[PDB]
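Only one chain is given next, in structure tokens, and it is the form deposited in one PDB entry.
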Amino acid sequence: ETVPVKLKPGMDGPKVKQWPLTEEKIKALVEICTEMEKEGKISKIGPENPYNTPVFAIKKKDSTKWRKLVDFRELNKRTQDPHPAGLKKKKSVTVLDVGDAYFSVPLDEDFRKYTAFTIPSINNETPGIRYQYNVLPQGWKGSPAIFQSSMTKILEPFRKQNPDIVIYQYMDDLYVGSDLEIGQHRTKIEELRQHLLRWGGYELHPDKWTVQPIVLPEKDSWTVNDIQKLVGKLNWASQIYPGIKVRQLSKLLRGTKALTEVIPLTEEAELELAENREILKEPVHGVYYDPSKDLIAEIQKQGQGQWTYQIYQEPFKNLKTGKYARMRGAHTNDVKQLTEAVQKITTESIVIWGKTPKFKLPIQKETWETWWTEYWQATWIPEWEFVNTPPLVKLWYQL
């Protein structure tokens, strides 16, 4: 017997167009779907069902296994609606994909129509083939909820026996944290997997996640341009740290001078720059995580495989500010790096606050949509929007 589920009041189902898929991805999707159809998990539907949700497929890691992924973001936003603080403090955390579990539960009949999706054909040889879910679909926020009761019964034994192991669930995902040596840990996880095989993304280390402080140049000679760049950067930071002062440094820029004129630092300005250096290394004050608000993630391309990001719910109230380094090579692919960055950040967010951020991506909309699923490896998908970042803010966070 199914749990009755309804959309948020005054909200209709998703009507998102399927995007074009590669031949590889389509062959995989058709293979997976005909099998799911054999098992009753999905049913063919017609076009009288007005709803649609995009679908694609990822080939995880090195394998020859595709995993179907349904972009359920729209539906999740329209479905009716504590977190382990210790999970971020374990030396190892593994991420298990417990998606298959959901297929064991039937899905409320009157909700099924909202889980419609369509498989495209190469060169439009045929009209799209539409399907519908009969079990709990992976990717849906309703799935982990409804399966919660049953999920607790599964782990309960394993938890009792391993009270120093923290097990956390988010959507299709199981986070398992330990302070075990990396050997007993992997043996523990394989234990827990044996424990799950019975009842029908590695490896994280939240203990070495890094905060990226704002920092000020160090120099022997300062030019007018240097000081100007400094004063503007401190002006901005003083919105994040009210303690920042600019008066003495700005005094040196009195008059109207050549950008490359060297300007000797007075004693005052010398000190007020030292103070500022320390005011920058403090907790930002009055930053309370509010679960009822979305996490905003903001990313800047710093170049040379360097990407910076900040997570806040309100401007200048950063919950975390971080960096993401990558290969300074020839075969650099910005879009790939950027989607690896959003995945790292989403991951940190799930692990820290149990929530997904909304991303402000420093990429063209069209560029992003053309390529991001070639590099995706997560079972979830964060919200995002696109933004031509002021090249000013790029300079503020640089290292």
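A residue's number is simply how far along the shown sequence it sits, counting from 1. Take the two forms, find the largest set of C-alpha atoms that superpose within 1.5 Å, and that set is the rigid core.
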key: Chain break class for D220 to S221, judged by how many deposited residues have no coordinates   = none
message = Neighbours in the displayed sequence, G303 and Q304 may still hide a gap; how many deposited residues lack coordinates there, none, 1 to 3, 4 to 9, or 10 or more?
response = none
query = According to the deposited model, is the average Cα temperature factor higher in 179-187 or in 289-297?
reply = 179-187
task = Averaging the C-alpha B factors as listed in the entry, name the stretch that ends up higher: 189-197 or 69-77.
result = 189-197
ask   = With respect to the C-alpha temperature factors reported in the PDB entry, which of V105, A237, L230, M327 ranks highest?
value = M327
query = Highest Cα B-factor in the PDB entry belongs to which of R130, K91, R112, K317?
reply = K91
ask   = Of the three thirds of its chain by CA temperature factor, lowest, middle or highest, which one includes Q161?
value = highest
ask   = Lowest, middle or highest third: where is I119 by C-alpha B factor in its chain?
value = lowest
ask   = Mind checking which third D97 falls in for C-alpha B-factor across the chain?
value = middle
request  = Going by the recorded CA B-factors, say which third of the chain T64 sits in, lowest, middle or highest.
outcome  = highest
query = Would the CA B-factor of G13 place it in the lowest, middle or highest third of its chain?
reply = middle
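Quick note: we don't show the form deposited in another entry, though the next part is all about it.
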2 Å-or-more CA mover between this form and the one not shown, where superposition uses the core and the choices are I165, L252, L107, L295 = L252
query = By the 2 angstroms cut-off, has the C-alpha of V393 moved between this form and the one not shown once the rigid core is superposed?
reply = yes
query = Any CA movement of 2 Å or more for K141 between this form and the one not shown, core superposed?
reply = no
key: Rigid core superposition, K233 Cα moves 2 angstroms or more between this form and the one not shown   = yes
note = Evidently the Cα separation of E366 and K394 changes by 3 Å or more in the other entry, so the atoms lie closer
